[PDB]
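In: structure for this input, please:
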Amino acid sequence: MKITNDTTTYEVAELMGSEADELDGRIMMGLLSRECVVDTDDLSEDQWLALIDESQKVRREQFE
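Out: Residues are numbered from 1 along each chain as shown. Take a look at the structure below.
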């Protein structure tokens with residue numbers, strides 16, 4: 001997927017899997033911004049999985 005200025009957190013969440021919710025999507029949007037990722041095609045599977053893990057760490061640290 002290409003991230004635009006109008007991509008929604010619901011769309012990013014859908015990229016993560018059916019279990020992810022809008023907060024997962026907003027956290028992941030922050031991570032993709034920090035990593036300068038526009039095209040999700042560019043992420044290797046291992047890179048993507050590391051970002052998923054990190055979004056779960058951020059969800060529990062910065063919100064619980």
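In: contacts made by the lengthiest helix in the chain with the rest, please.
Out: Among all segments of the chain classified by DSSP state H, the helix with the greatest residue count is helix 45-63. With CB atoms under 8 Å, 6 or more residues apart in numbering as the test, helix 45-63 has contacts from 16, 23-24, 27-28, 30-32, 35, 40, 43. Heads up, the C-betas are built off the backbone N, CA and C, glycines and all.
In: before we move on, which element is the residue nearest the centre of the chain in?
Out: Nearest to the centroid of the C-alpha atoms of the chain, with distances taken as CA atoms, centre = their mean, sits residue 28, at 2.4 Å. When elements are assigned from DSSP states H and E, residue 28 belongs to helix 22-34.
In: could you give the angle of that helix to helix 45-63?
Out: Put simply, helix 22-34 runs at 120 degrees to helix 45-63, going by axes from the mean of the first three to the mean of the last three CA atoms, to 10 degrees.
In: helix 22-34 packs against which elements?
Out: helix 9-16, helix 45-63 (3 or more CB pairs under 8 Å, 6 or more residues apart in numbering; DSSP states H and E).
In: may I see the buried residues of the shortest one?
Out: Spelled out, it's helix 9-16. Burial within helix 9-16, assessed by neighbour count using 16 or more other CB atoms under 10 Å, is assigned to 9, 12-13, 15-16.
In: that helix packs against which elements?
Out: Contact here means 3+ CB pairs under 8 Å, 6+ apart; on that basis helix 9-16 packs against helix 22-34.
In: the inter-axis angle of the helix it packs on versus helix 9-16?
Out: Put simply, helix 22-34 runs at 90 degrees to helix 9-16, going by the same axes, to 10 degrees.
In: chain center to helix 22-34, what's the gap?
Out: For helix 22-34, the distance from its own C-alpha centre to the chain's C-alpha centre is 4 Å (CA atoms, centre = their mean, to the nearest Å).
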